[PDB]
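Asks: Pasting in a structure now, in structure tokens, and then I'll have a few things to ask.
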Amino acid sequence: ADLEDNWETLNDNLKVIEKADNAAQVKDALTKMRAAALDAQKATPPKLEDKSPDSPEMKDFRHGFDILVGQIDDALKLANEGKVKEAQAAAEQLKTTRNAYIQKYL
């Protein structure tokens, strides 16, 4: 599994969350999103294989996943309280972070 697989894992589990009926299902999918975000954060995106590991672009990339993981944790907290609809709405906003921070490097 590489960075592209991790990106598609995020997409598949966002669909799981969208279609979920209860908080347990949302928690499972958020778990897989968090795992894939951690794996992707350690990868070097194609457009940045050029750059040095501490370039402003690579810091952008890794920090986009720090923000994403923190937002996944916020959604997990909602799901852990039984707030299914709140957690699903939070998951929708994970696409805003994913698209704005990370997409420009794939």
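In the structure tokens, each chain is lettered A, B, ... as it comes, each chain's residues begin at 1, and ligands are numbered from 1 in order of appearance.
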As a ChimeraX atom specification, please: every residue in chain A that a backbone DSSP assignment puts in helix (DSSP H, G or I).
Replies: /A:3-19,23-41,46-48,56-80,84-105
Asks: Can you pull out the residues contacting stretch 74-81 of chain A? Cut-off 8 Å, using only C-alpha atoms, and skip same-chain residues under 2 positions away; I want them as a list in words.
Replies: residues 23, 24, 26, 27, 30, 70, 71, 72, 83, 84, 86, 87, 88, 90 and 91 of chain A
Asks: Store the residues picked out above, limited to N, CA, C and O atoms, as a CSV table (one decimal), in the first residue's frame.
Replies:
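Now in part_15.csv:
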```csv
chain,number,residue,atom,x,y,z
A,23,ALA,N,-23.4,5.1,15.2
A,23,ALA,CA,-22.1,5.7,15.6
A,23,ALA,C,-21.0,4.6,15.5
A,23,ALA,O,-19.9,5.0,15.2
A,24,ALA,N,-21.3,3.4,15.7
A,24,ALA,CA,-20.3,2.3,15.7
A,24,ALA,C,-19.7,2.2,14.3
A,24,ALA,O,-18.5,2.0,14.1
A,26,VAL,N,-19.7,4.6,12.0
A,26,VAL,CA,-18.9,5.8,11.8
A,26,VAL,C,-17.5,5.7,12.5
A,26,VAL,O,-16.5,6.1,11.9
A,27,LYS,N,-17.5,5.2,13.7
A,27,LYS,CA,-16.2,5.0,14.4
A,27,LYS,C,-15.3,4.1,13.6
A,27,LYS,O,-14.1,4.3,13.6
A,30,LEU,N,-13.9,6.0,10.6
A,30,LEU,CA,-13.0,7.0,11.0
A,30,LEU,C,-11.7,6.4,11.5
A,30,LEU,O,-10.6,7.0,11.2
A,70,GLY,N,-6.2,15.5,13.5
A,70,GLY,CA,-6.9,16.2,14.6
A,70,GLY,C,-8.4,16.3,14.3
A,70,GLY,O,-9.2,16.2,15.2
A,71,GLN,N,-8.7,16.6,13.0
A,71,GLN,CA,-10.1,16.7,12.7
A,71,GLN,C,-10.8,15.4,12.7
A,71,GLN,O,-12.0,15.3,13.1
A,72,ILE,N,-10.1,14.3,12.4
A,72,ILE,CA,-10.7,12.9,12.5
A,72,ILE,C,-10.9,12.6,14.0
A,72,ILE,O,-11.9,12.1,14.3
A,83,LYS,N,-23.3,11.0,18.7
A,83,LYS,CA,-23.7,12.1,17.8
A,83,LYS,C,-23.4,11.7,16.3
A,83,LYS,O,-22.5,12.3,15.7
A,84,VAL,N,-24.2,10.8,15.8
A,84,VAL,CA,-24.0,10.3,14.5
A,84,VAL,C,-24.0,11.4,13.4
A,84,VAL,O,-23.1,11.5,12.5
A,86,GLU,N,-23.8,14.7,13.6
A,86,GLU,CA,-22.7,15.6,13.8
A,86,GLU,C,-21.4,15.0,13.3
A,86,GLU,O,-20.6,15.7,12.7
A,87,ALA,N,-21.2,13.8,13.6
A,87,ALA,CA,-19.9,13.2,13.1
A,87,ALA,C,-19.9,13.0,11.6
A,87,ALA,O,-18.8,13.2,11.0
A,88,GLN,N,-21.0,12.7,11.0
A,88,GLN,CA,-21.1,12.6,9.5
A,88,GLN,C,-20.8,14.0,8.9
A,88,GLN,O,-20.2,14.1,7.9
A,90,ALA,N,-19.1,16.4,10.3
A,90,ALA,CA,-17.6,16.6,10.4
A,90,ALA,C,-16.8,15.9,9.4
A,90,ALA,O,-15.8,16.4,8.9
A,91,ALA,N,-17.2,14.7,9.0
A,91,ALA,CA,-16.5,13.9,8.0
A,91,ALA,C,-16.6,14.6,6.7
A,91,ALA,O,-15.6,14.5,5.9
```
Asks: Do a neighbour search on residue A:104 at 10 Å with only C-alpha atoms, toss out local chain neighbours closer than 3 positions, and write the hits as a PyMOL selection string.
Replies: chain A and resi 45+47+61+98-101
Asks: Next, the residues of the selection above should be written as a compact mmCIF listing (two decimals), in the first residue's frame with N, CA, C and O atoms.
Replies:
```txt
# COMPACT_ATOMS: atom_id res chain seq x y z
N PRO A 45 5.12 12.62 -1.45
CA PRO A 45 4.24 12.74 -2.61
C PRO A 45 5.04 12.90 -3.89
O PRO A 45 6.20 13.34 -3.85
N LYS A 47 5.00 14.96 -6.55
CA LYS A 47 5.47 16.30 -6.90
C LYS A 47 6.52 16.84 -5.93
O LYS A 47 7.07 17.92 -6.19
N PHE A 61 2.65 19.35 3.34
CA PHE A 61 2.06 18.03 3.15
C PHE A 61 1.84 17.32 4.48
O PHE A 61 0.73 16.87 4.78
N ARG A 98 -8.60 17.79 3.08
CA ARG A 98 -7.91 16.88 2.18
C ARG A 98 -7.66 17.53 0.82
O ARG A 98 -6.57 17.39 0.25
N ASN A 99 -8.65 18.26 0.29
CA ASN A 99 -8.51 18.84 -1.04
C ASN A 99 -7.61 20.07 -1.03
O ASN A 99 -6.86 20.30 -1.98
N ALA A 100 -7.66 20.87 0.04
CA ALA A 100 -6.93 22.13 0.04
C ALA A 100 -5.47 21.95 0.44
O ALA A 100 -4.59 22.63 -0.09
N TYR A 101 -5.20 21.04 1.38
CA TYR A 101 -3.85 20.84 1.87
C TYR A 101 -3.03 19.90 0.99
O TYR A 101 -1.88 20.19 0.67
```
Asks: So, with only C-alpha atoms as the atoms that count, which of A:53, A:46, A:64, A:82 lies closest to residue A:2?
Replies: A:46
Asks: Do you know which residues are at most 9 Å from stretch 4-16 of chain A counting only C-alpha atoms, after dropping those on the same chain fewer than 5 positions away, and could you put them as a list in words?
Replies: residues 25, 26, 28, 29, 30, 32, 33, 34, 35, 36, 37, 39, 40, 88, 91, 92, 94, 95 and 106 of chain A
Asks: Using atom CA of residue A:65 and atom CA of residue A:38 as the two end points, give the distance in Å to one decimal.
Replies: 7.4 Å
Asks: Restricting the calculation to only C-alpha atoms, which member of A:3, A:58, A:102, A:69 is positioned closest to residue A:31?
Replies: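 Using only C-alpha atoms, the shortest distance to residue A:31 belongs to A:69.
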